[PDB]
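[1] pasting the first bit of my complex, frame unchanged:
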Amino acid sequence: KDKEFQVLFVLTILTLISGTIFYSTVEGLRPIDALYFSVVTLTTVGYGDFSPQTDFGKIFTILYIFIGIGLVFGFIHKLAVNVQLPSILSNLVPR
Amino acid sequence: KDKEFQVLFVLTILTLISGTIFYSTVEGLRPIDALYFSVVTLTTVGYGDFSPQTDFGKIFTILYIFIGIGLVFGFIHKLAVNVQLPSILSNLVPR
Amino acid sequence: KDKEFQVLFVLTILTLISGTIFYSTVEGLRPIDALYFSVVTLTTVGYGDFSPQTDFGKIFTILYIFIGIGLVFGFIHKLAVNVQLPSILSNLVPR
């Protein structure tokens, strides 16, 4: 379950690195903005302060969303159930 | 389970084709933009770089979201559990 | 299960009517735009072509999201599992 978490964590980082490199290069974003946009996209927040302007970028974004959402949300779920929840429970019981 | 996936895949493509034809025609979008907007809508990202301007388009969008989200997210789930997950597990074991 | 669906359907309509009346009145939207915005909000798409400008509207929106998401998505789930899925299965078997 901690190895579950480690693998999803690594996969999430790799997925976000892919987006960061793509949007920096093809859409011309600063790397921090490309990382931020990748996160805002795959968590489905979608502010629209950044959005792709090239056709190559729009096509990549379609594919990135379909591949990336299941991973990101799997990580979020394991984070909440396997890390946040036990730490909250631990806080209720003084030692 | 691979036939589960094939059917959801076909249904997702058909749903995205419907949106592409509608928004190209009624909202005047280029086809690639109409496909991109359909994806951004049904995955609930919603950048707002494109949004419907006609009343016909707003009404269609209401109905398209309610019909389209359950399908799209069903496909994403099967993609992640039935295709991505086994391929990740396979990568852990050299042959 | 069809009464499950009927109740969620009615509750969803009532929730969308509430939003339509509120945003028309307080935020000055045309009724069709207020309905569209309510749907775009509770399904978490969030284009931002419309957004509340008054403090009363922002406060209402906070509460409307928290009360409305669980209902809307419950309806979507029952729609997909209890109506769309059987009709798809029925299409596979000629009579």
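    Perfect, thanks for sending it. Numbers count the residues shown, from 1 in each chain, chains lettered A, B, ... in the order given.
[2] which residues in chain A form helices?
    For chain A, applying DSSP state H gives helices covering A:2-27, A:31-42, A:55-79, A:85-91.
[3] between those helices, which one is nearest to residue B:57?
    helix A:55-79 (19.3 Å; C-beta to C-beta). For every residue, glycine as well, the C-beta is placed using N, CA and C.
[4] What residues does chain A have near chain C?
    Proximity of chain A to chain C, by C-beta under 8 Å from any C-beta of the partner chain, involves residues A:44-48.
[5] among those, who's most crowded?
    When neighbours are taken as other C-beta atoms under 10 Å in any protein chain shown, the top entry among the residues of chain A next to chain C is residue A:46 (25 neighbours).
[6] how far away is it from residue C:9?
    For residue A:46, the distance to residue C:9 equals 28 Å [C-beta to C-beta, to the nearest Å].
[7] Same question for residue A:7.
    In terms of C-beta to C-beta, residue A:7 sits 41 Å off from residue C:9.
[8] what does chain A have sitting close to chain B?
    By C-beta under 8 Å from any C-beta, the residues of chain A that approach chain B are A:7, A:11, A:41, A:44-48, A:51, A:55, A:58-59, A:61-62, A:65-67, A:69-71, A:74.
[9] Among those, name the buried ones.
    Among these, the ones that count as buried by 16 or more other C-beta atoms under 10 Å in any protein chain shown are A:11, A:41, A:44, A:46-48, A:51, A:58, A:61-62, A:65-67, A:69-71, A:74.
[10] Start and end of stretch A:77-95, how far apart?
    28 Å (C-alpha to C-alpha, to the nearest Å).
[11] ok now that stretch, how far from the chain's centre?
    From the chain centre to the centre of stretch A:77-95 is a distance of 22 Å (C-alpha atoms, centre = their mean, to the nearest Å).
[12] try stretch A:58-70
    Worked out by C-alpha atoms, centre = their mean, stretch A:58-70 lies 12 Å from the chain centre.
[13] Name the surrounding residues that touch that stretch.
    When contacts are defined by C-beta atoms under 8 Å, 6 or more residues apart in numbering or on different chains, stretch A:58-70 is touched by residues A:15, A:18-19, A:22, A:26, A:38, A:41-42, A:44, A:52, B:32-33, B:35-36, B:39-40, B:43, B:45, B:76-77, B:79-81, B:84.
[14] next one is chain D, place it on the structure:
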Amino acid sequence: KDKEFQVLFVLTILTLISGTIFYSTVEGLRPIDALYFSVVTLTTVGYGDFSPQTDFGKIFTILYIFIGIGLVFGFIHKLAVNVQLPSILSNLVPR
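    Just below you will find chain D, in place on the chains above:
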């Protein structure tokens, strides 16, 4: 189950207070706007009427989304199943 709800409720309030203080201070938003933006972010609506402009804000937002979504949506789920659903059922049976 009512203590389940109380704990998630308190945690959600604390998470929203954190965002309110951060975005007011670092991004210069009025407190009501910072609360509204925090809610719009963690429920994944993402209108984009407000979005972070500083790099410190973008980095905080990445981390806030990953930590905050699992909590917020856990609260929404318990709200819908443990509070809204029983009250709806109660309304069906006159006393």
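[15] Now do the phi/psi pair for the spatially closest residue to residue A:33 that is not a sequence neighbour.
    Counting by C-beta to C-beta, 6 or more residues apart in numbering or on different chains, residue A:50 is the residue found nearest to residue A:33 once chain neighbours are left out, at 6.2 Å. Note on residue A:50: its backbone torsions stand at phi -120, psi 140 [degrees, to the nearest 10].
[16] what's the answer for residue A:94, then?
    phi -60, psi 150.
[17] how close does residue A:39 get to chain B?
    Using C-beta to the nearest C-beta, to the nearest Å, we find residue A:39 at a distance of 12 Å from chain B.
[18] Quick one: neighbours of the spatially closest residue to that residue that is not a sequence neighbour, just the number.
    Leaving aside its chain neighbours, residue A:39 sits nearest to residue D:62 (4.8 Å; criterion: C-beta to C-beta, 6+ apart). Look at residue D:62: counted by other C-beta under 10 Å, it has 19 neighbours.
[19] Contact partners for residue D:62?
    By C-beta under 8 Å, 6+ apart, the contact set of residue D:62 is A:35-36, A:39.
[20] So which residues on chain A come close to chain D?
    Counting by C-beta under 8 Å from any C-beta, chain A sits next to chain D at A:32-33, A:35-36, A:39-40, A:43-49, A:76-77, A:79-81, A:84, A:88.
[21] what about residue A:73, distance to residue A:44?
    Applying C-beta to C-beta to residue A:73 and residue A:44 gives a distance of 9 Å.
[22] ok so, going back, filter the residues of chain A next to chain D down to the buried ones.
    Buried members of the residues of chain A next to chain D, scored by 16+ other C-beta under 10 Å, are A:33, A:35-36, A:39-40, A:43-49, A:76, A:79-80, A:84.
[23] of all these, which two lie farthest apart?
    Taking C-beta to C-beta as the measure, those span a maximum distance of 28.9 Å, between A:48 and A:84.
[24] which residue does chain A bring closest to chain D?
    Chain D sits closest to residue A:80 of chain A, with a gap of 2.9 Å, by C-beta to the nearest C-beta.
[25] For the closest residue to that residue other than its chain neighbours, give me its contacts.
    The shortest distance from residue A:80 to any non-neighbouring residue, by C-beta to C-beta, 6+ apart, is to residue D:70 (2.9 Å). Applying C-beta under 8 Å, 6+ apart, we find residue D:70 in contact with A:76-77, A:79-81, A:84.
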